[PDB]
Structure formats: C-alpha cells, structure tokens
Amino acid sequence: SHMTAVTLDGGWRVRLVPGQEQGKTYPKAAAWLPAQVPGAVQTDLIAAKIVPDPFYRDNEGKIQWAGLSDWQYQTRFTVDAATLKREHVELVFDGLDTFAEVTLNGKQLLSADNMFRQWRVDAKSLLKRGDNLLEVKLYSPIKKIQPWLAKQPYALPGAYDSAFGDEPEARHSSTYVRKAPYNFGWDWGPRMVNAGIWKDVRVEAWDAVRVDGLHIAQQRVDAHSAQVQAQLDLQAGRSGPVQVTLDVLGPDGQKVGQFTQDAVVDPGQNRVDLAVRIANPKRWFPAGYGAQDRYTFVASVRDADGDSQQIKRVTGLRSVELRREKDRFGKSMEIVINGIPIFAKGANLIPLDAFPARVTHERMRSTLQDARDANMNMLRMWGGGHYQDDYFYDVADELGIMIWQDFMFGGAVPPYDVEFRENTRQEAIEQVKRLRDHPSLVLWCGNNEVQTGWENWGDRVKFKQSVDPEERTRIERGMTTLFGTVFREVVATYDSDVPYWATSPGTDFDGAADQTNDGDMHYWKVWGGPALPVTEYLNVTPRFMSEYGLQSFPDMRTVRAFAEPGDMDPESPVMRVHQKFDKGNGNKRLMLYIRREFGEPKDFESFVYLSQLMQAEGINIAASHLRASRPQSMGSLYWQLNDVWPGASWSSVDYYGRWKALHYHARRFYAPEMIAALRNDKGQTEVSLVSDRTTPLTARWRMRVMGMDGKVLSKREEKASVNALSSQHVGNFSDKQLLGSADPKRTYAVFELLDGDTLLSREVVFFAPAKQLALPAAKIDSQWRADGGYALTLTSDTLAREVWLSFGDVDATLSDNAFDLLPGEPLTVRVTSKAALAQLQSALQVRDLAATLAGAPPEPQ
C-alpha cells in the first residue's frame, strides 16, 4: 500500500556522554536538557542558559568546550502494529553532524561519519510495537581525530589554527572529517564546532515500491524545442507491474502534455524514463535576461497493489555552456545561458549562520532578494560552507540568481586514502541528485582554492617540498583524482547538462591556478598579502574574477547588538573578538586602508562609516573595471555577500540583513547600463560605457569638470551607440587634460550616461584622496511626504559626498543610501517603516563625507 513517513521531531533530550571531565565542570550539561531537532547541542545549551550567547561581546570562548565533548541524544517514539506489518521499515537520517553512533532499543543501528550524507537503515526487526527508544551519540571530531593525528608522520595543510589553543598549530582535525569547514572558525566567523542532529529524522514504511526520485533530464534546449526525459527511480522489494503517468504544466499553469508508461520492476533499483518534447519552450533566464519561466512535471506511480504515489519537480528549461575559446586575451571563461554570454555579476555566498540548523526560510529568501535587488545575476556558494536548504535553491530559481555550486572543500589538502574518497563520492552523488533539478544551479566546482594554495601559499610550498617526492606524488594524485575525476564523473553521470570546474581559482587542471589569461582568479594582493592600494585593481584583469574584497564594519545597529557602550572602539577586547582577520590583528590592516583615503576617523561612528566607504569605493573601482574590460573579463564575484554572525567582514550585507554602503554601490556598479570613469595611479581617467542589453543602446554621455565652489569649469557631451552585450572605451584623459592648472584638491568631475533624457548612470571622480580634499560644508535639507511608506527628499546647496541616512535603533528601510548629492539637485528616497512620521523625523540622521572628516585628528605616530 501507500508509503508512510513519520518525522521524529518531538521530545529529544541531550546530555554529555557520562565519564567526561566536562561533566564535572558543567553539571547542568551532565543532566538531560531539551534538544531541538534539527539543531546543534550548542544552541540547546544556549537555550537552556547553560552557556551565554557566544555572539554577544566576547562570549565566544565560553562555548568552545562543547565542540571538544561527546554528546548523547535520545527520543522516544511510538510504532503501531500496522507499521510493523509493512514489507519495509527504515529509519532515515538526513543530517548527522558528524561522527555518530546510533542505537535503537539498545541495539547498534548505524555508524555515520559525514555531515553531508543521508543515512537509510533497515529498522524493521529492531523496532517494537509501542514505545521505542532511539539514541544518537555524537563524538567531537577534534577529540576523536587528534590522538590519531598526533602520531602521523605529518599533518596535511589545513585551514585556521584554533585561537583557543585546543589543537596544535598547523595540525588540523578539520582536514580529515567531512564537516563544514567554516565550523572550525574562519577569518570572518567564530569557531563553533557544532555537534548535532542537524536535519530531519524519519521512520519510513512501504510495501511494493518506494519512489526514490524524479529527475527531468534536459537533453537539448533551444528556441525551437526542448527535449527532456523524465526519469523515475524506483526501489522495489518484489517483481511486478507499475504504471507511471506524467502531467506537464506550463509556466501559466495550463497543461501542455500528458504521458503514460508501463513497466515491470524487479527487486532493487529500477528506472522508468518518459521522453518529452516541448516545442517553442518558454525557457528559464537569469535576472536581467528575461523571465524565470518554469514548467511543472507531475508524476504518479501506480504500483502492483493499485496504490499511487505522486512526485513533482519544478523545472527551468535552459541550456548552459562554459565557453572557453582562444582569443587575443588567452582563453575565455564565460557562462553562456540559452546561447547568451552572461557577464557574471555578483558575489560569494557563505552560510547564513554559525548555527545552520536555525536559519529561517525568511532569511534564506531575503538573502537572495538582496542579491537580486543589487542587480546581481550569480552567487557562488563557497566550498568552506554547507550545501543549502532545498528552499534556498527554490528561491534562486524564482528570482533568477544563478548558483555556482562548490562542493564543500574550502582549501585544505585532502588525504588520499580510498575510504575518504568513497565517503566523499557518496556525499557528491546525493547532493548532485538533490540539487540537479534546480534551474539556478549552472556550474559545479570541486573546491575552493586547494590547487592555488598548493602552488602559491608558503605553508603548502614548504610542506610539499618537505615530504619525500614519492609522497608528494601520492598526495597530488589523490587530489587530482578527487577533484578531477570523482566529482566530475558524478556531475557527468547525474547532472549531465551543466559544466564542472575542478577548483576555484583554476584552469580545470589544464594548467596552473590563478592565471590572468585562462580560467578564473581570486585576487587578494589588495587587502591581503602586500596590501596594495585599491587603484591596483585597475591593473589586474583575469578572464573571470571569482573572488576579491575589502573589509568593513557592519551596521551601527548590528554593532550595538553585540557590543556595549564601553566597548565602542576597534581596539577594545570585544571589537577584537569580532575582528577575525590576521589572528585578531586585523584592525591594523583595516586602518591601513581607511587611513590611506580618509586619514584618522575622529570617533567610533565615523570609523564604521569610513570603513564602509573605504570598502564600497574600492570594490566599485574593481567591479567597474572588470565590467568595462569585457570581453577580456567575463565575471565579477566579490568576496563576500553575507555574514555568519555580527562582526567585521568583507560582506555587503551584515548578519541582520542590513545593507552596507557597498550593497548600495553594488546596485549601481552592476546596473545593466553603466558608465565607468576610472582614474589610475598614473593620473589617467579611462571612461567606458557598459551595456548588458541584448539590443543596441542609442545613447549619449557627458562629462563636467567642477570646482568645489560650484563653478562649472568645462563640459563635454558625445553620442554613443553601444552594441548589445559590450563595453566601449569613449575616453582616456590625463589630470592635465581634465584639470589644466586647476587645483586637484579643489576640483571634481561628473560623468553621466543617458538614454534620451533618462539618466542611466553617473560616476563622480576625484583627483586626490578624500583626506586631502577641500570639500565644501554641505547644508542638506530634508523634506517628508506620506506616500504608500514615505517620500524623503534631500537637497544639498553644495556637493555632498557619500550621504548616509539612518534612524538610530528605529527600524526603517531605504530605497537608496550612500549616495552623492550635487548642488541644488534633489534626490527622493522611499522610506518604509512601522514608525510614525513624527518619530522618523526626530530619529533621522544625515551624515556626509565632508562633515565626517571635519575635525579629524592627525594620523597616529
């Protein structure tokens, strides 16, 4: 009869496994406490008030013991006579993090060792009618692995040292376990070595047939037709007839097709395939290139006992090509969707929380909506994280955000034993089978940075030169197999129509990593390494830039969420805890970049704002330069979109979903039509018109050279016809040609792109660092008007640069922010909030660059 499934999400409880020293130190954790499933024991402990919130102030240290301990979960559940009657009864674990031993009514059931795998076990003979006891013990991966690791001839190059000294330097357990790399701490997140039943548990019972999957395999898709094949995976316990019926519904919900196929299934695995052709398909396009049209494929399988079982897949029909052809810049790297080369615009996505089990659908959706709102068309889901929730991909499908999907390897050099390899293979098979039917998933990538680290990081170079050359060969072979063969075959076998990429950055093992004329690049000599000036971005142009970034502080409201008024100084212990770059020493690097442009911030609120401006203006330079270089570059994914906790990072959106200056700037430098005017270290300003349209853009552009006093010193305007999908250099001016004896400290230049009379894009250029400028003191008028929300009109008598609007702790949203105001030209922004007009008015704060730098102290001794 009908497949039944019961989710075990009731009365779990957890305690320390008896016999540990932590049981003596934390008696409340030696006693049973309530546990949420899905969950982490860490968040159970926080909920029980056994430890404080590790995000708040410097509390991170107070929960570290939990990741060094072993934990014992239990739940009771009821099984009826009718379930024990069924031909099959299985327990299914969607997610155990990570080393787990599971017993059922006292008897061994399952050993598990991969955060990312699903575990199905025959339970029928171990269950009893009535009450049943399920027990799950989770073992700390640090406690388990270190004793073994300590005895090995070497430790593989890994990730980050423990700031708490509870693993040896450069001997990381994280390398040897399939567990989200970022749990062990990263340079924008806390060390939270979670243990937990972090996804659902079910008791499933079935008889003749179990439906394991529906996959709509896209064989070919173009304007004229899509040929697909609906593939049903059926597990059978006995031989017998089945009938599959298949309804196909179009984007509009109307039936486009209906199909039937009979088959006989045999014990074990069976596949029933139904060929489907759709004429003139309504294809799925990314954001900015058309509709995100999707079809619905509804299958029903009637087994030998007459019972039917439905399964649906929502499909976006589209072709995906990773085009790499030789040209005058080397070898191209371009994402081509439905035959359209898409310049990739976006960022790198990390997990949404240090505790991934508690993330809400709301947060998943607003994170993607943020990306869509900033004119992005791709997110790269970085390999140091975890594979996302099904719902996350659903939303990406709906919004047209392409996903570059790393497998969850974050840079550590993997071991080359067969067991590790086959463990990882099974992970890949399940994740690819789980995610393949999402149209947004357009590329699979073997890892983050393993090859470039092997080739370019000092510790890897020293390591690979220290082992015997034959051992180096064993380790390189293991990597080449895992990332070159294993993952590639999984994608070729299960998700055949999307490309695979061995490593980011790389050339898919054709050659070395991080080249400028082949494959992609992670460019970090700005911010990292030699910490070069941001204008150095103008000198670096790879075929695809898949990481680069600058750091900043989160919103002031977010800062107040984790820090108290006595902590408000980047050098306080609490702010140092929330700065994870360069082992707590990161403020030095942040101040280097802030001071270069803005000198010494005069107070903490100014420091936060200037950190965000330094980041926003710097990434603006780089992103604009990459887009203007087309077809030399074909991708810009900045590091990073988002945060796992409140703290300093390279994000454009902080942990509470609050936009930084960068995200507002990103909406602009990623706009489908854009003007870039970029002044390099040699005083040459290159002007370019960028268009992502699939049609020609008949337009005009203007430049205006201005005194800070509001005198218009020169004006120029040309026509331009901008070809579809291109960038066009329209000028290259020296400071002399632009200024001509005029004071660079007292002069700026405005560049605009127009389509008829509608302003498409604007860039304001300066000829000296902000700290040297004679910026005017702006008087900014603000007028309110009730609308939907409210309309807020701002007008400055003079140039006002990088205006930042806020409202204290009053929660309100703005349609724009971090903008420049030109003399006398009003800007209206939309204000949405639950607060009344009077409150908003009293709460409104308006900040600008001139005011911020006025009264600044000199740069420190």
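One residue is enough: does the range 804-826 have a residue meeting the conditions touching a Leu at 6+ places or on another chain (Cβ under 9 Å), of a type in the set (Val, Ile, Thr), surrounded by 15 or more Cβ atoms within 10 Å (Cβ to Cβ) and not in a loop (DSSP other than H, G, I, E, B)? No, there is no match, as no residue in the range 804-826 is touching a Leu at 6+ places or on another chain (Cβ under 9 Å), of a type in the set (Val, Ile, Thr), surrounded by 15 or more Cβ atoms within 10 Å (Cβ to Cβ) and not in a loop (DSSP other than H, G, I, E, B).
Kindly establish whether residue 136 is touching an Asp or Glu at 6+ places or on another chain (Cβ under 9 Å), crowded, with 18+ Cβ neighbours inside 10 Å and over 21 Å from residue 40 (Cβ atoms). Spelling it out, it is not the case that residue 136 is touching an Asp or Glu at 6+ places or on another chain (Cβ under 9 Å), crowded, with 18+ Cβ neighbours inside 10 Å and over 21 Å from residue 40 (Cβ atoms).
Working only within the range 753-768, note down all residues that are touching a helix residue (DSSP H, G or I) at 6+ places or on another chain (Cβ under 9 Å), part of a strand (DSSP E or B) and farther than 17 Å from residue 688 by Cβ. Give the derivation first.
Filtering the range 753-768 down to residues touching a helix residue (DSSP H, G or I) at 6+ places or on another chain (Cβ under 9 Å) leaves 761-763, 765-768.
Narrowing the set further to residues that are part of a strand (DSSP E or B) leaves 761-763, 765-766.
Across the range 753-768, the qualifying residue is only 766.
Considering every residue within the range 652-672, establish whether at least one is in contact with a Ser or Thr (Cβ under 8 Å, 6 or more places away or on another chain) and polar (S, T, N, Q). No: the range 652-672 contains no residue that is in contact with a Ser or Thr (Cβ under 8 Å, 6 or more places away or on another chain) and polar (S, T, N, Q).
Would it be correct to say that residue 44 is part of a helix (DSSP H, G or I), surrounded by 15 or more Cβ atoms within 10 Å (Cβ to Cβ) and in the same structural domain as residue 2 (by CATH)?
yes
Counting only residues that are in a loop (DSSP other than H, G, I, E, B) and small (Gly, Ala, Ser), which one in the range 285-324 is surrounded by the most Cβ atoms within 10 Å (Cβ to Cβ)?
Here the answer is 316.
Table: residues versus (1) outside the structural domain of residue 335 (by CATH); (2) closer than 22 Å to residue 726 by Cβ; (3) buried (at least 24 other Cβ atoms within 10 Å of the Cβ).
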| residue | (1), (2), (3) |
| --- | --- |
| 620 | no, yes, no |
| 633 | no, yes, yes |
| 636 | no, yes, yes |
| 689 | yes, yes, yes |
| 695 | yes, yes, no |
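Those helices (runs of 4 or more DSSP H) of the range 562-655 in which 3 or more residues are β-branched (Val, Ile, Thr) occupy 604-628. Starting from residues that are assigned to a loop (DSSP other than H, G, I, E, B) and not hydrophobic (A, V, I, L, M, F, W, C), keep the ones in the range 197-225 and report whichever is surrounded by the fewest Cβ atoms within 10 Å (Cβ to Cβ). Once the filter is applied, the top-ranked residue is 224.
Within the range 527-556, being under 21 Å from the mean Cα position of the chain (by Cα) and in a strand (DSSP E or B) holds for 545, 546, 547, 552. Here is a check on your reading of the model: is residue 221 of a type outside the set (D, E, K, R) and touching a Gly at 6+ places or on another chain (Cβ under 7 Å)? Against the criterion (of a type outside the set (D, E, K, R) and touching a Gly at 6+ places or on another chain (Cβ under 7 Å)), residue 221 does not qualify. Out of everything in the range 436-467 that is touching a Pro at 6+ places or on another chain (Cβ under 6 Å) and of a type outside the set (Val, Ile, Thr), what residue ends up being surrounded by the fewest Cβ atoms within 10 Å (Cβ to Cβ)? The residue in question is 459. Of the set (1) assigned to a strand (DSSP E or B); (2) buried (at least 23 other Cβ atoms within 10 Å of the Cβ), all apply to residue 194 but (1).
Exactly one residue out of 49, 62 is assigned to a helix (DSSP H, G or I) and either in the same structural domain as residue 141 (by CATH) or of a type in the set (A, V, I, L, M) (or both): that is 62. Do we find that residue 173 is closer than 23 Å to residue 41 by Cβ and touching a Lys or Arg at 6+ places or on another chain (Cβ under 9 Å) in this structure? Spelling it out, residue 173 is indeed closer than 23 Å to residue 41 by Cβ and touching a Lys or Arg at 6+ places or on another chain (Cβ under 9 Å).
Restricting to the range 480-500, name every residue that is under 24 Å from residue 216 (Cα atoms) and surrounded by 15 or more Cβ atoms within 10 Å (Cβ to Cβ).
Within the range 480-500, 486, 487, 488, 490, 491, 494, 495, 497, 498, 499, 500 qualify.
Residue by residue, here is whether (1) surrounded by fewer than 17 Cβ atoms within 10 Å (Cβ to Cβ); (2) more than 26 Å from residue 179 (Cα to Cα); (3) of a type in the set (D, E, K, R) holds:
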site	(1), (2), (3)
333	no, yes, no
348	no, no, no
354	no, no, no
364	no, no, no
372	no, yes, yes
384	no, no, no
397	no, yes, yes
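Residue count for the range 349-404, restricted to those that are part of a helix (DSSP H, G or I), polar (S, T, N, Q) and over 19 Å from residue 441 (Cβ atoms): 1. Quickly run through the range 1-48 and pick out the residues that are in contact with a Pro (Cβ under 8 Å, 6 or more places away or on another chain) and farther than 23 Å from residue 91 by Cα. Correct list: 30, 42, 44, 46, 47, 48. For residue 75, are the conditions met, namely being buried (at least 18 other Cβ atoms within 10 Å of the Cβ), among the polar types (S, T, N, Q) and farther than 27 Å from residue 191 by Cβ? Yes, satisfied.
The residues listed here are 60, 87; of these, the one that is buried (at least 17 other Cβ atoms within 10 Å of the Cβ) and either within 24 Å of residue 423 (Cβ to Cβ) or not β-branched (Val, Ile, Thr) (or both) is 60. Can you run down the residue pairs with Cβ atoms below 6 Å, 6 or more apart or on separate chains, where the first is in the range 183-202 and more than 15 Å from residue 100 (Cβ to Cβ) and in the same structural domain as residue 60 (by CATH) and the partner is in a loop (DSSP other than H, G, I, E, B) and basic (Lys, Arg)? Going by the 6 Å Cβ cut-off, the qualifying pairs are 185/191; 187/580; 188/580. Within the range 237-259, residues that are farther than 18 Å from residue 211 by Cα and in the same structural domain as residue 302 (by CATH) have Cβ atoms under 8 Å from residues that are outside any strand (DSSP E or B) and among the basic types (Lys, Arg) in these pairs: 250/282; 251/282; 251/294, counting only partners at least 6 apart in sequence or on another chain. Residues that are at negative phi and either surrounded by 15 or more Cβ atoms within 10 Å (Cβ to Cβ) or outside any strand (DSSP E or B) (or both) within the range 241-255 comprise 242, 243, 244, 245, 246, 247, 248, 249, 250, 251, 252, 254, listed in sequence order. Within 21 Å of residue 684 (Cα to Cα), assigned to a strand (DSSP E or B) and not assigned by CATH to the domain that holds residue 533: does that describe residue 750? Against the criterion (within 21 Å of residue 684 (Cα to Cα), assigned to a strand (DSSP E or B) and not assigned by CATH to the domain that holds residue 533), residue 750 qualifies. Please find, within the range 505-522, the residue that is farthest from residue 448 (Cα to Cα) out of those that are part of a loop (DSSP other than H, G, I, E, B) and aliphatic (A, V, I, L, M). Taking the candidates together, the pick is 512. Report yes if residue 852 is in contact with a helix residue (DSSP H, G or I) (Cβ under 7 Å, 6 or more places away or on another chain), hydroxyl-bearing (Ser, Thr, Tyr) and either assigned by CATH to the domain that holds residue 594 or not in a loop (DSSP other than H, G, I, E, B) (or both), otherwise no. Taking the combined requirement at face value, the residue satisfies it. Being within 25 Å of residue 652 (Cα to Cα) and either assigned to a strand (DSSP E or B) or within 31 Å of the chain's Cα centre (by Cα) (or both) is a description that does not apply to residue 730.
For the range 546-566, residues that are crowded, with 20+ Cβ neighbours inside 10 Å and either touching a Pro at 6+ places or on another chain (Cβ under 9 Å) or among the polar types (S, T, N, Q) (or both) total 10.
The values are calculated or read from the model by the stated rules, or taken from the named source; none is laboratory data. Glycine also receives a Cβ, built like all others from the backbone with ideal geometry; neighbour counts cover every protein chain displayed.
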